[PDB]
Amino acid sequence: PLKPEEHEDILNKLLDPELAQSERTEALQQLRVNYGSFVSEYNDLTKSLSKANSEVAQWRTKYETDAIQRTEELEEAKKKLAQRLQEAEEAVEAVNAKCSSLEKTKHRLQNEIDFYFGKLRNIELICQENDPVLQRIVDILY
């Protein structure tokens, strides 16, 4: 397309009525061709604009739904590993309590042991210190 100055010069040439008909026709044809090309380039610009704007909306919905969706995909992992974390951390304290139980069993039984061993020990001492039944009781031990 002709820059305003170039176009202006042509108009100025056309102002002269005694300009040769050859040159006059040349200039007017120049103007028609230029106007045609200008319209063409203009429409090209319009459609080439719509092409970009369509991409504007395109991405205004493309990664706008992708934001929400990726958020969903995040909280997915969160919830899952939360269920795993909990189902683990419950078993933990479950068998922890069970262990703490077996400890009490251990101490109870050790008490019983020390007790009966105490009785046996007292009997043993009595035997070491001193008739019929005794030899038999000592035959129990040896």
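Residue numbers run from 1 along the displayed sequence.
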Stretch with the higher entry mean CA B-factor, where the candidates are 22-30 and 66-74: 66-74
Per the entry, higher mean C-alpha B factor between 1-9 and 133-141: 133-141
Top Cα B factor in the deposited entry, candidates 95, 102, 109, 85: 95
Assigned third (lowest, middle, highest) for the C-alpha B factor of residue 41: middle
CA B-factor placement of residue 113, once the chain's modelled residues are sorted into thirds: lowest
